[PDB]
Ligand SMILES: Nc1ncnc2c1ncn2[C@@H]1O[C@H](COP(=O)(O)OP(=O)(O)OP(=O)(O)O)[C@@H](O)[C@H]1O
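Just the one chain here, the form solved without the named molecule, laid out as structure tokens.
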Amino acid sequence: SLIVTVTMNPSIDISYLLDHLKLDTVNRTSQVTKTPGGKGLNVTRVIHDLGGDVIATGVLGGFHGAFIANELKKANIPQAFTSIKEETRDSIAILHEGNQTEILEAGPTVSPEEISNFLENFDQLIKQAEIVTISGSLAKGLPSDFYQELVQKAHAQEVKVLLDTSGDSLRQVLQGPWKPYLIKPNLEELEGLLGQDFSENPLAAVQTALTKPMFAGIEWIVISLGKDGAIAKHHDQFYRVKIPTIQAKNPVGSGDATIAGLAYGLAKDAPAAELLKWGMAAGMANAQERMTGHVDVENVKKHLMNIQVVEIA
């Protein structure tokens, strides 16, 4: 069943491997990777790797956008981005001595007319979809509540929204009458929403938090806890998800991978326990890969066997 991903501020992700980062001087390297990035494209790639039926949308501009579209084509990832005039952004990640120093650009400005063009395209794509993922930053020009329009449209088409987003904005979706099917805030995200501190006995705190009016009407809530696995709520059932303590190279985007695994599970009508395993197993496989937004499916399937899902009273 068709999953649509949304990436409103896609990036050429540039990754530099450096022995040492010498400040105020020239650092040379031939250890460079340039990859389609932004959270929604990390998601897209993982779903694609899992064998899911995905199409990527969002906005792409200029030669940078054309580079991304061509990379997606070479990978045989179905895409249906909307064109904009301004250039798609670059993101820089510098890897040096265990450090990850990053530079994020604000990105291009999208015009009201381009926003209208994207929404028309979004309307057509979601007619054929079962699931939509919405995550990541908004390009400039987009109204701070852009994602709520997207949730409302999916609702009219009876499409399940996986919303992996944060802050004041996520709060405004949750405040409104059109609920996402699934949300996946991390602990700091959740602390931000509730204006609450969960540093002491986080597991017990999260279980209380998820009973709050904030979260009413959301079918699935999945809170990743890193090595502690997850706490989740489906309607009135709380779950604890316990995962093996694995050797975890690059954690960047294991959260985009979790969402991909969750979308993939939903797409195949996985029961609750299985759905939570696809999520955790994808996040796990991703962390064992240098490439962000990439898993090997055989290793995912392996991790599925060693995750425990526990119903909490």
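All residue numbers refer to positions in the sequence shown, first residue = 1.
Heads up, the form solved in complex with the named molecule isn't pictured, but that's what we're talking about next.
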(message) Between the named molecule and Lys184, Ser224 and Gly253, in the deposited complex, does every residue show a non-hydrogen atom at 4.5 Å or closer?
(response) yes
(request) Can you check 109-117, 197-205, 174-182, 227-235 and let me know which stretch has heavy atoms within 4.5 Å of the named molecule in the deposited complex? (result) 227-235
(message) Can you pick out, from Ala69, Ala267, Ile55, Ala287, the residue that has a heavy atom within 4.5 Å of the named molecule in the deposited complex?
(response) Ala287
(request) Answer yes if any heavy atom of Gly283 is within 4.5 Å of a heavy atom of the named molecule in the deposited complex; otherwise answer no. (result) yes
(message) Is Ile243 near the named molecule? Define near as a heavy atom within 4.5 Å, in the deposited complex.
(response) yes
(message) Against the named molecule in the deposited complex, would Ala248 count as a contact residue? Criterion: heavy atoms within 4.5 Å.
(response) yes
(request) Residue by residue through 94-131, tell me which have a non-hydrogen atom within 4.5 angstroms of the named molecule in the deposited complex. (result) none
